[PDB]
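Participant: Chains D and E, in that order, are what the protein sequence lines are.
With the entry's author numbering as the guide, the letters of the first sequence map in order to residues 1 to 577, 578A, 579 to 760.
With the entry's author numbering as the guide, the letters of the second sequence map in order to residues 1 to 577, 578A, 579 to 760.
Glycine residues also receive a C-beta, built at the ideal position from the N, C-alpha and C atoms.
To start, I am sharing the structure in question, which I have written as C-alpha cells.
Protein chains: 2
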Amino acid sequence: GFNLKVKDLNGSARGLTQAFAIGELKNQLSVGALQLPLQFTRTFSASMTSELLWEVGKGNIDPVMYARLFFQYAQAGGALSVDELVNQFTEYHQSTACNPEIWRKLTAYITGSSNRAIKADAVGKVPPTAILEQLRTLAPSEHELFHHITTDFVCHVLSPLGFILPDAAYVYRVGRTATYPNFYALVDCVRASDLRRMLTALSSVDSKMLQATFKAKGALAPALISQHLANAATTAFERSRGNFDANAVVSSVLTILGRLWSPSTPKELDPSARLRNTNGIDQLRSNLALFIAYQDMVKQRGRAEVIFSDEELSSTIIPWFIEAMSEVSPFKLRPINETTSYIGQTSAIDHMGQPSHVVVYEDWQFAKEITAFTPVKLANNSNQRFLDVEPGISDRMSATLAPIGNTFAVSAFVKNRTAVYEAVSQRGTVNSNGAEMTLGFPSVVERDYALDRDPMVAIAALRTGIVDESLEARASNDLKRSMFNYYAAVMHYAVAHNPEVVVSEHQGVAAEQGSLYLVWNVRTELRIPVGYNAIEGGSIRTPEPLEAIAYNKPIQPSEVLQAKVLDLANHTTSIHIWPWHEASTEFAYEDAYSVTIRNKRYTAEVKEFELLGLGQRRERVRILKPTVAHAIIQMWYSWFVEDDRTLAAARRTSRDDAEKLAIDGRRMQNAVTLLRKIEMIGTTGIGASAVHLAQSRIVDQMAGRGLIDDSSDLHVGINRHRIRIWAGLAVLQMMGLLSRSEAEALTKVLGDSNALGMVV
Amino acid sequence: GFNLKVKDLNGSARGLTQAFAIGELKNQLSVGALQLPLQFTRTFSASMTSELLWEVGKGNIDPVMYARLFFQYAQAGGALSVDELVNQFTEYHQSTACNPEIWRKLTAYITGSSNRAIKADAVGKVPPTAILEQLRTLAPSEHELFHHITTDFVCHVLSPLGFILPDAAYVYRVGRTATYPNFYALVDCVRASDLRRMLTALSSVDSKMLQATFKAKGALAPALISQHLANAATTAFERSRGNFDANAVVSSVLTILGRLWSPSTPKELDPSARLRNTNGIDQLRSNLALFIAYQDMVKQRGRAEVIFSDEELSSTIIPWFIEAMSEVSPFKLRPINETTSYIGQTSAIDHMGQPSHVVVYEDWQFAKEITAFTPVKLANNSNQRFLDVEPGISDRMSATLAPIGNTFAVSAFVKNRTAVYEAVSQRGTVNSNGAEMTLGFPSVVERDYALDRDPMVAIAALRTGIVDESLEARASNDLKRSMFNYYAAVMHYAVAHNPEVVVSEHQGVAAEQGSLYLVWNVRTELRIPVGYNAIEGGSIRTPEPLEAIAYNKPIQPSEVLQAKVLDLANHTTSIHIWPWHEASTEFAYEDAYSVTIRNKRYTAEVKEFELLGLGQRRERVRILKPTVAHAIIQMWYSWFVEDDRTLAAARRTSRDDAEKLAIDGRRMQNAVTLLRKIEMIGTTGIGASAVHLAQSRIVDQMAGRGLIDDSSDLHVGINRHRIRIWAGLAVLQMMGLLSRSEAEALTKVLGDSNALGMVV
C-alpha cells in the first residue's frame, strides 16, 4: 500500500530508485543516454503460497531434504545465516562422529556394555527416539536438526533389519520464503550444495556394503565397530573438503557476468571464448536475479576480485555453481514471463488523458482457515512436540474470517483506490502535485511480519532512503534484507513487461570502477506530467524501473496466487515437530470498551475466550500466525494512515483556498470508507458477540450504581457507531490481523478528521 | 432460609425473577398477555443424598466410570470445568501413550532389561502399584486419576497372566452434585461423552486380540512390545476424533428447540419438517431443564447461531446429543412429577383469608454419624492414603449429634416459622408491606459450604441482583453458579404443580430476537393482596414462578430425602483413596469462656480433646465436613440473623407508635427461641463437659488469686445462662456446624435486642 509521487522519486521513494541501489544518492541521477543491450529470458525466484509438512525418513538420509530445511531454518525465522548454520554443523560433526569416544558410549548404551562383547543373535530392536534421547545429553546442540542427521545415519548402517526398529514419525514445516536472492543468499546456495555433497558422502555405495561386510558371517563381536564406525564416518567427512570458498565462488562468477554485461570491457581481460562456450552461461547472462545480485554485491564490496584460475578453471570447474543453484535452493529457475503472473496494474485517468493515479497489485486470495493448536511435550529439554489442533476455536474464527476476505479483497482495494482521486470538473493535472502511484506487495510485507518486525519501519526507510545507525546487528540486517525484497520485486515486474533493456556503466563517484545499471524505453501519448523525462518523439528512455512502469497500460493478472493453510489435521496429530514457537503465538487478548453516559464513565473489559463464547479460558493453546492474511490488511492500513498523514501536511503547504477545500474532501471521504469497512466487521460472529458483552457489562454496572434508565443512551445514533467500530478493531486485534500499535494509530486517523457524518 | 415479600419481587428478590434470568432488569416486567402453549413432561436432575465409594478395577477400564469421576472431581470442589479437565487429559494421553520413548522406559523397569531382550518363560509377576509408582515420577500430573487409567490400560493388555499380579484396591468418593444443569454443564456432558468414546476405544476387541495375537506361541521377545503398544495406543487415539465441538453441539441444538418453542417463527428459517420428526425431539421440547438452560445461554451469549450443518446434520448427527445425556452424565433423565417429591409447602393466614406467610421447604433428615479419620501416607509425593477411622471420637460426637437434629429438624423449623407470623385480631394486611414468602433449600446451601464459600453472599445476590465486580473470576463464577441453582430449583417446583404454561418472546434488550419466557395460569379465591396481577376472572396469568407458587395450596412432601454418612469404616480401612483433603477438615478447636466476678475478669480456655474427655491431644486426625447438616442449620441462622436485620430498619422507618411496639415484639419473641435452642444444645455430652471444664478452671484460678468464696456467683441465674449458651455455640463450632464468623453474628443478634427475660 506504498503510495508514491512519480514526479519526484528522490523525495517520494529514495529506496526504490535504481540510483540508490547502485550507490548514487546524490542529486545527479543515472544518465538516460548510454550504451549496451541485453534481454532477460530467465530468473531465480522462490515460490509463494506454500505451507508444507515434510517427513524425515527411517534412514534414508536425503541429502537435498536436509539442505533445504537448513535454508528454511535460516529463512522463515532467524537463526544466523545458512552459512553460519553449516559451519556450526561441521564443528558438531567433527566433535561427535570423528570422536571415537562418543561412539564407544552409545554403542554401549544400545547393548549391552562397553566392555562385555557378545555376538548375541539374542539382542532385539531399539527405537531411534532412544538414541536421540541419548544424543541430547552427549552433544547438546541448540539446533536439534543435527541430532536427526546423525541418527538416521547410524540407522542406515544398522539395518540388517534386526537392531533398528524402523518406527518413528518426524515432520518439519516448509513455509513461505523471501522471494528473491540477495547477494549473500546466493552464497547461501553454494554453501548449501556444499552440504549436499557432504551428506551424500555419508550414505554411500561403501556404507551399504558396510552393512554387507558385517552381515558376514552372522552376528559378530560388538566392541570393535565403535572404533570402526568412528573411522568409517571420519573417512566420509575428510573425503568432502570445504574446497572452494563459497563466498569467493559467488564473488568471482558474478564478477565475470558483470564483465560481459558492461559496455566497458577493458583491454586487459574480457572473458575467454572457451568459457564463453561453456554450457548455460548464455542462460546465465540472461538471468535477472543474478543481475540485481551483482548490483548488491558491488554496492557493499565496492570491488570484485577474481581467483584468476580462469580462463581455464571455473569454465571447467565450476559450472557446479549451476548445479548448486539448480537443485538445493528454494530459488529454482523460471521463465521470466511466468514469474510476474500474479501482478496486476490499473490506471486512473483525466479527460485527454494522462493517468492521475496508477495502482500496481498482487492478486491474492484470502483465507481459508485459521488453525489453533495446543503444544504437547513428550520429553523435557527438547522442542519435540505433538501439536493437537483444537478446532471449534479454529472453525469459529474461520467463519469470522470469511466476511473479512470479502470486505478486504484486493479486488475491492483497487476499486476504492482508483475512483477516489477525481475532483470536481476534472481537469488534471500536474497540479494537485501530479500523478500518484501506489503499489501493494503483500508478498513483501509478510516477511516483516514473520520476522516480528514492523512493516512500517522498512516502508519509512523507502521514502527517506536512510537507516538508523543505532540499532543492533540482527535488527538492521533484517531491515536491509526487507528493504531489498521491495526493490527486487519492483524490477522483476518492470522488466518482464519491457524485456528489451540497455546496460550502462556509471562514471563512479571517485571514480572507482562503477556499478552497472539498467535503462528502459517506452512509447506513449504526447504530453507528460509524470516524472522528468523527455519524452521527445512519443517514446522515452528511463533509468528508474518505476518510470518504466508508470507508462505501461492496464494489465489483467494471470494467476490468483491463493494463499493456503498449513495442514495440522492429517499429519501432526500422529507426528513430531520442527522449530514451531517463533512461528506461532500465545493465544490471549484483552480489550475494553469505555463510554461516558450522562457525565459518568463506564468501562467494560473483555477477554478472548468470552469473545469466542466458551469457558473458562485455555492458556495452553496457541495460534499459528496468519502473516499473509495480515499483510493484505496492511495494504489497506498503510494507505489510510499514510494518506491522512500526507494530506495534513499537504493542507499546510497549500496556500490556495480552493485547493484546501478539495484536500479536506478526500480526507473525510476515505475516512468514512474506512469507518464503513470496520463497522461492517463489528457485525460478525465475534463482533456482535463482542458488542453484546460490552453493552451487557455496562448495564449491569449501571444497575448497581444507580438507575438503568440511562441505558437508552447506548441505543442513540452515535454511541451505536462507537461501540461498533470498537468491536471491529477488537476482532481484528484478537486474530493475527491488527497490532494494537497500528490499530491505535488507525483510530487517530479516524479522529484526526472529525469523520462522522450523522446523515439521518 | 431466604425470606421474601411477594408484592414487590424486584425489590425483595430480584435474583429469583424470571425477568432477571432472561435478562430484563428494567422496570418493565414480562407481559402477561402473549401467545403459545406447551407442556413439560420431563426434566434432567442430579441425585440428592448420595455418598458412594467406587473401586477402580484391574484393567478393565470402565469407560463410563472414569467419565463420571471426572465430573465429580470438577463438581465436588472446583477444578476448572470438566471441559478443561478433559483436554488436560488428552494432552497427558498424547505425552504418554503415543510416546514410544516412555513405553521403553517402564518395560525395562518391569522386566527384565533395557538392552538384553529375553522371551523368558521364567520371569515372574509384577504388582500394578509398582507400575503406578513409576508413572508418578515419569508423568507428574496433579490429578492422579490419569495414572490409573493408563496403569490399568497396560494391565488390560498385559494379561497372558504372566507379568501382572494384578492385586490392589483403590477407591473414589462420589458425593453430592449440583442438582440442575446450567448451560455450560450441558457442554460439560457432551465433552464427558467425548471421554466415553475415547476410553471405550482404548479397551477394545482389538486390544484383547492383541493379547491373543501374542498369546502365540508362548512367551515372546520384550523389546518389541514397547514400540508396539505405543502405536497400538496411538491408533486408538487417532480413531477417536474430537470431531464436533461440544460447545457448538449444545449451542445449536438448544437454539433450534427455541425456534420451535417460540410463537415468533420467521418465514426464512424455521425448523425443517424432517428434523421436526427427528426422534427424541418430542421429549426434548418437552424437557424443562433444557429450557431453563436455554434462557441461560441467551442471557450470557446474547444470540443463538447455528452450525447450519442442518437441515441434514442434526437429524443424523446429533441425536448423539441424547446419548451424551443418557449414560455419562450425573444429570440422568426424570419424569417431572417425581423430581419435586421432597418439596413441601404451607401457608399462614388472616381471617378471611389470604396467606400472610407461605413457606416452601425441602424435607431433610439429619445425622446419622460424623466420621473422624486419621490419614496414613504410604508414599510421599502422592495423595494415596489409608484413612484409619478412629471411632470413639466419632461415636462421642454422634451421640451429641443426635439431639441437634431433633432440635434443628426442618419439621420444627416450618412450625416455628408459620405459627409466629399471626398478629392480634388478624386482619392482614397489604399493610405491613404485604404477604411474606420464605423458602429453605439446604440442597443449594450445601453446595456453597462444600466449596468453602459463605452461603450468605449468594443470598445477598438474590435480593439485590448484582454481583461485586471486584471479586476474582473463580469467586464470581462460584457465586453465579450458586445463584443459578436457586433460580433453577424454584422453576422446577413451580412447573411441576402447574404444568399448563405459555411461551412468549420478548421485546429484547439489544434488541436481537429476544428470550422466550413463561406464563402460567391458576385458579383461586376472589380478592388478591399478593403481587400485582389482574386477577380478572378467578384465574390469573403471571410471568414469575414465585407468584405462581403463592397461589397453590399446602402440600405434603412425598419422599423424606434422608442425608447419609460416607462409610470409611468398611472400605478405606483396607483401601487407598480419592481427593479427600479439601473435603475434610483438620480437627482442632480452641475456645475460651470469660466472665467478670466482683470487678475481676477470669477466663478459662478449652481445647478439643478436653471437650471429648481424653489426653493428651492428637493433631493428626481430621473430620469429614458435614456440609449438609450445616446447610440445614443455615436455614435457621439466616432466618434469625436476616429477620433481626430487617426488623431493625423496620422500626426506624416506622413512624406509627402502634406499629413499632409490634415490630419490637417479633424481635425479642423469636430471639428467645434462638436463645432457648442454643442453650438446649449446651446440655449434651460435649456441652456439659464444656461447662464443667470452664467452671473448674475458673475456681482453680480463684483459689490462687484470692478467695474461692466468690465462686458462689457462678451459680447465679444470669451467669448460669451465660455459660450454657456459650457451650452451645462452642459445641456447634467444634463440629462442622457453625463458622466462627457466623457464630459471632448470631451473638450480635442475641445481644442487639437485650433478649433476656430473667423469668425466675
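1) Looking at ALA232/D and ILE575/D, is the spacing between their C-beta atoms short of 7 Å?
2) Does any CB atom of chain D fall closer than 7 Å to the CB of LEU269/E?
3) If we define contact as Cβ-Cβ less than 7 Å, is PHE386/D a contact residue for chain E?
4) Mind checking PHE408/D: buried by the 16 CB within 10 Å criterion, or exposed?
5) Considering just the uninterrupted stretch of the alpha helix (DSSP H) at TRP103/E, what are its terminal residues?
6) If you check the beta carbons only, do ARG196/E and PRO375/E fall under 7 Å apart?
7) By the criterion of Cβ-Cβ separation under 8 Å, what are the contact partners of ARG303/E in chain D?
8) In whole angstroms, what separates the C-alpha of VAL731/E from that of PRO391/E?
9) When you compare only the Cα positions, how much space is there between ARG622/E and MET198/E?
10) In three-state terms, what does DSSP make of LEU224/E?
11) Any idea if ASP643/D is buried or exposed, counting beta-carbon neighbours within 10 angstroms, 16 or more meaning buried?
12) Taking just the CA atoms, how far does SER638/D sit from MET456/D?
13) Going by CA-CA distance only, name the one from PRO543/E, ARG740/E and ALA185/E that's closest to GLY78/E.
14) Taking contact to mean at least 3 C-beta pairs separated by less than 8 Å, is the region 279-289 of chain D in contact with the region 216-227 of chain D?
15) Between the beta-carbon of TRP364/E and the beta-carbon of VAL430/E, is there less than 7 Å?
16) Kindly list, in the order they appear in chain E, the residues whose Cβ is closer than 9 Å to that of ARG239/D.
17) Counting pairs of beta carbons, one from the region 475-494 of chain D and one from the region 437-451 of chain D, are three or more of them closer than 8 Å?
18) Does the beta-carbon of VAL205/E, which I'm using as the reference point, lie nearer than 6 Å to any heavy atom of the ligand MN?
19) When the Cα of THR17/E is compared with those of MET209/E, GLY531/E and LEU260/E, which residue comes out closest?
20) Quick one: grab the DSSP three-state call for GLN556/D.
21) I believe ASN552/D touches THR542/D by the beta-carbon criterion, under 8 Å. Please report the beta-carbon distance rounded to the nearest angstrom.
22) Leaving out five residues on either side along the sequence, give the residues of the same chain with a beta carbon under 6 Å from the beta carbon of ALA236/E.
23) Under 7 Å between C-beta atoms, does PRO100/E make it to chain D?
24) Within its chain, find whatever has a CB closer than 7 Å to the CB of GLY465/E; leave out the 5 residues flanking it on each side and keep chain order.
25) Using C-beta distances below 6 Å, list every residue in its chain close to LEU737/D, excluding the 5 sequence neighbours before and after it, in chain order.
26) Can you tell me which of the three DSSP states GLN733/D falls into?
27) Closer than 9 Å, Cβ to Cβ, to anything on chain D: give me those residues from the region 108-121 of chain E, in chain order.
28) From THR41/D to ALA494/D, what distance separates their C-alpha atoms?
29) Taking Cβ positions only, does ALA324/E come closer than 7 Å to chain D?
30) Would you say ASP152/D and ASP83/D are within 7 Å of each other, going by their C-beta atoms?
31) Return yes when the Cβ of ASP310/E is within less than 7 Å of the Cβ of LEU254/E, no when it is not.
32) Ordered along the chain, which non-local residues of its own chain (more than five positions away) have a Cβ less than 6 Å from that of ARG724/E?
33) In the region 707-739 of chain E, which residues sit with their C-beta less than 9 Å from some C-beta in chain D, listed in chain order?
34) Measure the CB-CB distance between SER114/D and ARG104/D and report whether it falls below 7 Å.
35) Just to confirm, are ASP296/E and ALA219/E a CB contact at a threshold of 7 Å?
36) Going by DSSP, name the residue or residues bridged to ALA604/E.
Facilitator: According to the data block:
1) Taking the first sequence and counting its residues from 1, the one referred to as residue 575/D is at position 575. Taking the first sequence and counting its residues from 1, the one referred to as residue 232/D is at position 232. Not closer than 7 Å, so no.
2) Numbered from its first residue, the second sequence carries residue 269/E at position 269. Not one chain D Cβ lies under 7 Å of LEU269/E.
3) Within the first sequence, the letter at position 386 stands for residue 386/D. Chain E, which has a Cβ nearer than 7 Å to the Cβ of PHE386/D, makes this yes.
4) Position 408 of the first sequence, counting from 1, holds the residue named residue 408/D. With 16 or more other Cβ atoms within 10 Å, it is buried.
5) Mapped onto the second sequence, residue 103/E falls at position 103. Element bounds for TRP103/E: 100-110.
6) Looking up residue 196/E in the second sequence gives position 196. Looking up residue 375/E in the second sequence gives position 375. Cβ atoms of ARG196/E and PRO375/E: not closer than 7 Å.
7) Position 303 of the second sequence, counted from the start, is the residue given in the question as residue 303/E. Ordered by position in chain D, the residues that pass the 8 Å Cβ test against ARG303/E are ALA688, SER689 and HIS692.
8) Residue numbering aside, residue 731/E sits at position 731 when the second sequence is read from its first letter. Residue numbering aside, residue 391/E sits at position 391 when the second sequence is read from its first letter. Roughly 18 Å between the two C-alpha positions.
9) The count along the second sequence starts at 1 and reaches residue 622/E at position 622. The count along the second sequence starts at 1 and reaches residue 198/E at position 198. Roughly 38 Å separates the two Cα atoms.
10) Taking the second sequence and counting its residues from 1, the one referred to as residue 224/E is at position 224. Reduced to three states, the DSSP call for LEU224/E is helix.
11) Numbered from 1 along the first sequence, position 643 holds the residue referred to as residue 643/D. So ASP643/D ends up on the buried side.
12) Here residue 456/D is taken as the residue at index 456 of the first sequence, counted from 1. Here residue 638/D is taken as the residue at index 638 of the first sequence, counted from 1. For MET456/D and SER638/D, the distance between alpha carbons rounds to 8 Å.
13) Position 78 of the second sequence, counted from the start, is the residue given in the question as residue 78/E. That would be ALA185/E, whose Cα lies nearest to the Cα of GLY78/E.
14) no
15) Numbered from 1 along the second sequence, position 364 holds the residue referred to as residue 364/E. Numbered from 1 along the second sequence, position 430 holds the residue referred to as residue 430/E. Result no, Cβ atoms of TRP364/E and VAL430/E do not sit closer than 7 Å.
16) Stepping through the first sequence from its first residue, residue 239/D is reached at position 239. Within chain E, no residue comes near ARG239/D; the closest Cβ sits about 33 Å away, beyond 9 Å.
17) yes
18) As for the ligand MN, it is missing from this structure, which has no ligand bound.
19) Taking the second sequence and counting its residues from 1, one reaches residue 17/E at position 17. Minimum Cα distance to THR17/E is reached at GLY531/E.
20) The residue you call residue 556/D lines up with position 556 of the first sequence. In the structure shown, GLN556/D sits in coil (DSSP, three-state: anything other than H, G, I, E or B).
21) Position 552 of the first sequence, counting from 1, holds the residue named residue 552/D. Position 542 of the first sequence, counting from 1, holds the residue named residue 542/D. Not confirmed; about 12 Å, so no contact.
22) The residue given as residue 236/E occupies position 236 in the second sequence. Here the set comprises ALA201 and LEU202.
23) Start at 1 with the first residue of the second sequence, and residue 100/E comes out as number 100. It does: the Cβ of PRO100/E has a partner Cβ on chain D nearer than 7 Å.
24) If you number the second sequence from 1, residue 465/E lands on position 465. Cβ within range, chain order: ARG14, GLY15, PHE20 and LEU25.
25) Here residue 737/D refers to the residue found at position 737 of the first sequence. Closer than 6 Å at the Cβ level, and outside the excluded window around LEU737/D, lie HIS630 and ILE633.
26) On the first sequence, position 733 is the one that residue 733/D refers to. In this structure, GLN733/D counts as helix in the three-state DSSP scheme.
27) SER113, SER114, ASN115, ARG116, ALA117 and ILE118
28) Mapped onto the first sequence, residue 41/D falls at position 41. Mapped onto the first sequence, residue 494/D falls at position 494. Going by the C-alpha atoms only, they are around 14 Å apart.
29) Against the second sequence, residue 324/E aligns to sequence position 324. No, no contact with chain D.
30) The count along the first sequence starts at 1 and reaches residue 152/D at position 152. The count along the first sequence starts at 1 and reaches residue 83/D at position 83. Against a cut-off of 7 Å, the Cβ pair of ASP83/D and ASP152/D comes out as no contact.
31) Position 254 of the second sequence, counting from 1, holds the residue named residue 254/E. Position 310 of the second sequence, counting from 1, holds the residue named residue 310/E. Going by C-beta atoms, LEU254/E is not nearer than 7 Å to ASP310/E.
32) Residue 724/E sits at position 724 when you count from the first residue of the second sequence. So the qualifying residues of the chain are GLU679 and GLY682.
33) none
34) Position 114 of the first sequence, counting from 1, holds the residue named residue 114/D. Position 104 of the first sequence, counting from 1, holds the residue named residue 104/D. Yes, Cβ-Cβ distance for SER114/D and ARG104/D is below 7 Å.
35) In the second sequence, residue 296/E corresponds to position 296, counting from 1. In the second sequence, residue 219/E corresponds to position 219, counting from 1. Not closer than 7 Å, so no.
36) In the second sequence, residue 604/E corresponds to position 604, counting from 1. Answer is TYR593/E, bridged to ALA604/E.
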